[PDB]
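Enquirer: missing the sequence, but the structure's below:
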């Protein structure tokens, strides 16, 4: 409920330190508006 | 954080700095020549 | 995703035209601000748009061509000899076809020698009477000149509002077979038969006889041509490309005739005091349209105009 | 116009002078892009940067890229000489 | 006998002082040059068309810059002759054409520098005629404007015609655009210079448009767009007219015409009616570059 | 053919020669070269900076 | 919103910014409610304007900026058709404009 999922491989929006190679994860929730953009670093999506 | 500036303020300040630094003052003849041909002749 | 698009406001804002300073009324002046919105509801707007459209951007001229046989003094016979076929020298036809290409009057998007059938952007031997101006017209066009060659023929059995262009310039070319008939040319009697329709316009036939100069072509027996020009002397003496009593070969006949017509028309336009370049006419028309059709609105009242839909004004 | 076809993640056009430039084969900005003989930059109203670039004729051109305080946008335009229909 | 005729004609041109005789000689020179050029095209090198044209241009320019300055009829005759020679289609070195335009520009500079008491309407008419001749020369040979010096001289002449004084000065302080007061010699000269600038910016090069040589402006208008859209919603009132700087009139339609396959992107149809003439446009808004147009 | 004259023909459309023709046409069709615009309109020095 | 103290005003402004996510529910409840919220924001920023910029206190300027940003969010969330609907208020309806 915090936003839709975006594939990090082909995402052209905000990153916030994430990487394209998939090391930091393949999916992440994403919520953006006309002026505010928020990306969540969910800890249950990054492989460990 | 002190002296924190919003995104639009920073963008406007940077754009104004670019315009002020890289603005070129020239006679109308040179401007018309550049418009007619961007590279010199 | 969104469906509708009001691209007009995007276009105005992206290029930087739309701003508070641009819409601000000038101080201590009567010129309109840098950005103005017109109106499509005031009556007569589309008529003025058509007025602006019909104004040409480059000068245009007109040339009339006549054929003379020995012992002819009446205008009717002079007009009659042209419309016949195979009754004239082939060199006359060869000289005709060397002046310009052939374009139909209906499909011609430019000047055709007569106002009523010109600028129409919406698309067995008869002789040289085809070019009389009702089915075909000889035409020539350059980047700075436009000439319509029309050969008059005998006449047998507000909708186009054009603003006054200015002093019309026309030059007549006469093909005389005998040199002694040059003086006996009824130029006065044919003034009424060469009306271009610009007479009603151009408001800014006896008096017009002196205005039009005449170029006479007299072929010889040796193949060369003899030229005599009447009424082509003004403040700056005569015109150079074809002086009086000149001899020119057939190779450089049409080119020299066209150059002389261009020079004479340019001199005539320059001499007159009530003439301005066509772009000046267009600029004055645009200023008049702005003065008579601008919308008196404040800056906040103008931004909200962009968002409101259009096209349903006469339907809702 | 906010929900464009590209999704809410993308708001301003990502194009620049390097893209669609015949004289520069690279995909990144470089001095050769300015070395192109068909690129020119202007300042409008002292608060807007307008870039004019004649792309090689794609067909169905003039490319305009504008940078201001609200972001960046791209316009592709062609003239209509001949009659329609 | 052709060589003898050419030599005596050249001598008569050199030794003449009467106006009418000079005009007749200039007309004869134009006729003979054109005839020789066309004969060579259809088929000491003085008999050759190229050398004869070079010598004629050199002599005419020398006379125009030497003696034919205080006279009006002779100068106008020389200008008409120089305009006439441009239509001749004969290969020739660019140096001669550059010299011709340099002579015309020097004549413009000399005539526009006359004292105020000597100024009159005939002087302005001569200036307008010389501007038209220069415009014809530029249009007929667009190639030679690639040179630095020719383009610089032409733009300096246009600037002098518009503003009233050249921006660069030999000893006086230079001036920049925007802070130069408008002091034109006259309205006619200013209008002629503006027309020359418009021609050199738009009409110079590729004169025959795809619309046809008859109509330089585009052959599309509001009625054509309405009848081509084939949409009952679109009417004569769908346009939004705007005026920019009190000179340019726009007519924008906010409906795609189907020219671009990107039906998911905004499209506008700008229809500019400037002082030069009507001209259409079709602007499109694109977010992604050409590399992924079909991948969206 | 010496005494034969070529009939005039309609010239065919020719592509613009310059590499900057269309941009120049767009610039001069919006009035950017008018006298009034010569104040709030300038150029930018092209360099690495 | 127009409270003399600025911290409570800021909290109220943040709460108003929260309501943007439930504008559909507000419309389902009362038709004119979101337009009323936009009108409230416009009137408040108009009333606070004269004493905001002509002062040496930065808190008022920051609160004005926050009000403008919340107004922008409310305008963006609402569709264009609603924003073009005329304002229905007694004081202005009494006038013939």
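Expert: Now that the structure is in, tell me what you want to look at. Residues are numbered from 1 along each chain as shown, chains lettered A, B, ... in the order given.

Enquirer: which one is the residue in the stretch 1-150 of chain E positioned nearest to chain B nearest to, not counting chain neighbours?
Expert: The nearest approach of the stretch 1-150 of chain E to chain B comes at residue E:148, 4.8 Å away (Cβ to the nearest Cβ). Where C-beta positions appear, they are placed from N, C-alpha and C, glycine not excepted. In space, and not counting its chain neighbours, residue E:148 is closest to residue B:41: 4.8 Å by Cβ to Cβ, 6 or more residues apart in numbering or on different chains.

Enquirer: Next up, the contacts around the one you found.
Expert: Residues in contact with residue B:41 (Cβ atoms under 8 Å, 6 or more residues apart in numbering or on different chains) are E:146-148, E:151.

Enquirer: could you redo those residues as a markdown table and give each row neighbour count and distance to residue E:283?
Expert: Converted to a markdown table, the contacts of residue B:41 look like this (neighbours: other Cβ atoms under 10 Å in any protein chain shown; distance: Cβ to Cβ, whole Å):
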| residue | neighbour count | distance to residue E:283 |
| --- | --- | --- |
| E:146 | 13 | 30 |
| E:147 | 15 | 35 |
| E:148 | 11 | 34 |
| E:151 | 21 | 30 |
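
Enquirer: So the residue of the stretch 1-150 of chain E closest to chain B sits against residue B:40, correct?
Expert: Yes - using Cβ atoms under 8 Å, residue E:148 makes contact with residue B:40 at a distance of 7.1 Å.

Enquirer: Now do the shared contacts for these two.
Expert: When contacts are counted by Cβ under 8 Å, 6+ apart, residue E:148 and residue B:40 are jointly contacted by no residue.

Enquirer: buried residues in stretch C:205-221?
Expert: Buried residues in stretch C:205-221, counted by 16 or more other Cβ atoms under 10 Å in any protein chain shown: C:212-219.

Enquirer: Give the helix, strand or coil label for whichever residue of chain G sits closest to chain F.
Expert: With distances taken as Cβ to the nearest Cβ, chain G approaches chain F most closely at residue G:53, which sits 26.6 Å away. Per DSSP: H, G, I helix; E, B strand; the rest coil, the secondary structure class of residue G:53 is coil.

Enquirer: Check whether the closest residue in space to it that isn't next to it in sequence sits in a helix, strand or coil.
Expert: In space, residue G:53 comes closest to residue G:61 once its chain neighbours are excluded; the distance is 6.8 Å by Cβ to Cβ, 6+ apart. Secondary structure of residue G:61, reduced to three states by three-state DSSP: helix.

Enquirer: these two touch, right, residue G:61 and residue G:49?
Expert: No - contact between residue G:61 and residue G:49 fails when scored by Cβ under 8 Å: they sit 10.8 Å apart.

Enquirer: count of neighbours near residue G:73?
Expert: A count of neighbours around residue G:73, defined by other Cβ atoms under 10 Å in any protein chain shown, yields 18.

Enquirer: nope, residue E:184 is what I was after
Expert: Here the number of neighbours of residue E:184 (other Cβ under 10 Å) works out to 17.

Enquirer: Ok, residue E:218 next?
Expert: By the criterion of other Cβ under 10 Å, residue E:218 has 24 neighbours.

Enquirer: show me what contacts it?
Expert: Taking Cβ under 8 Å, 6+ apart as the definition of contact, the neighbours of residue E:218 are D:79-82, E:209, E:211, E:278-280.

Enquirer: For chain G, which residue gets nearest to chain C?
Expert: Among residues of chain G, the one nearest chain C by Cβ to the nearest Cβ turns out to be residue G:80. It sits 6.0 Å away.

Enquirer: That residue reaches residue C:308, doesn't it?
Expert: No - checked against Cβ under 8 Å, the pair residue G:80 and residue C:308 is beyond contact range at 9.5 Å.

Enquirer: Now residue E:220. Nearest residue, chain neighbours left out?
Expert: Distances taken as Cβ to Cβ, 6+ apart place residue E:280 nearest to residue E:220, at 5.0 Å, with adjacent residues excluded.

Enquirer: Next: residue C:181.
Expert: residue C:68 (5.8 Å).

Enquirer: ok, that neighbour to residue C:50 distance?
Expert: With distances defined as Cβ to Cβ, to the nearest Å, the gap from residue C:68 to residue C:50 amounts to 42 Å.

Enquirer: Looking at the two, which one has more neighbours?
Expert: Between residue C:68 and residue C:50, counting by other Cβ under 10 Å, residue C:68 is the more crowded of the two (23 against 13).

Enquirer: residues touching the closest residue in space to residue G:60 that isn't next to it in sequence, list them.
Expert: Using Cβ to Cβ, 6+ apart and skipping the chain neighbours, the partner closest in space to residue G:60 is residue G:52 (4.7 Å). Listed by Cβ under 8 Å, 6+ apart, the contact partners of residue G:52 are G:60-61, G:63-64.

Enquirer: Narrow those residues to just the buried residues.
Expert: With burial judged by 16+ other Cβ under 10 Å, the buried subset of the contacts of residue G:52 is G:60, G:63-64.

Enquirer: any idea which of the residues you listed is closest to chain E?
Expert: Within the set of the buried ones among the contacts of residue G:52, residue G:64 lies nearest chain E; the separation is 33.0 Å, counting by Cβ to the nearest Cβ.

Enquirer: Which elements pack onto the helix or strand containing that closest one?
Expert: Element membership for residue G:64 (DSSP states H and E) is helix G:58-77. Helices and strands in packing contact with helix G:58-77 are listed as helix G:6-18, helix G:33-48; criterion 3 or more Cβ pairs under 8 Å, 6 or more residues apart in numbering or on different chains; DSSP states H and E.

Enquirer: can you confirm residue F:4 is in a strand?
Expert: No - remark: residue F:4 does not belong to a strand; assigned using three-state DSSP, it is coil.

Enquirer: For burial, what's the neighbour tally of the closest residue to chain D within the stretch 151-300 of chain C?
Expert: The stretch 151-300 of chain C approaches chain D most closely through residue C:299 (15.5 Å), counting by Cβ to the nearest Cβ. Residue C:299: 15 surrounding residues under other Cβ under 10 Å.

Enquirer: what's the spacing between the closest residue to it other than its chain neighbours and chain E?
Expert: Taking Cβ to Cβ, 6+ apart as the measure, residue C:299 lies nearest to residue C:23, with 4.6 Å between them; neighbours along the chain are not counted. Using Cβ to the nearest Cβ, to the nearest Å, residue C:23 is found at 11 Å from chain E.

Enquirer: Residue C:23 against residue C:295, yeah?
Expert: No - between residue C:23 and residue C:295 there is no contact under Cβ under 8 Å: 11.6 Å.

Enquirer: more neighbours, those two?
Expert: residue C:23 (20 against 14).

Enquirer: Quick one: name the residues of chain D near chain A.
Expert: Residues of chain D that fall close to chain A, judged by Cβ under 8 Å from any Cβ of the partner chain: D:2, D:6, D:8-10, D:14.

Enquirer: Apply 7 Å and report the result again.
Expert: Taking Cβ under 7 Å from any Cβ of the partner chain as the criterion, the neighbours of chain A within chain D are D:2, D:8-10, D:14.

Enquirer: would you turn the residues you listed into CSV with secondary structure and distance to chain F?
Expert: Output for the residues of chain D next to chain A, formatted as CSV (DSSP: H, G, I helix; E, B strand; the rest coil; distance: Cβ to the nearest Cβ, whole Å):
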residue, secondary structure, distance to chain F
D:2, coil, 28
D:8, coil, 32
D:9, coil, 31
D:10, coil, 27
D:14, coil, 22
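
Enquirer: So which of these reach chain E?
Expert: D:10, D:14.

Enquirer: all strands of chain A, in order?
Expert: Listed in chain order, the strands of chain A (DSSP state E) span residues A:4-7, A:27-32, A:37-39.

Enquirer: So for residue C:5, which of the ones you listed sits nearest?
Expert: Using Cβ to Cβ as the measure, strand A:27-32 is the one of those that comes nearest residue C:5, at 21.3 Å.

Enquirer: Give me the helices and strands touching the closest one, please.
Expert: Contacting strand A:27-32 under the criterion 3 or more Cβ pairs under 7 Å, 6 or more residues apart in numbering or on different chains; DSSP states H and E are the following elements: strand A:4-7, strand A:37-39.
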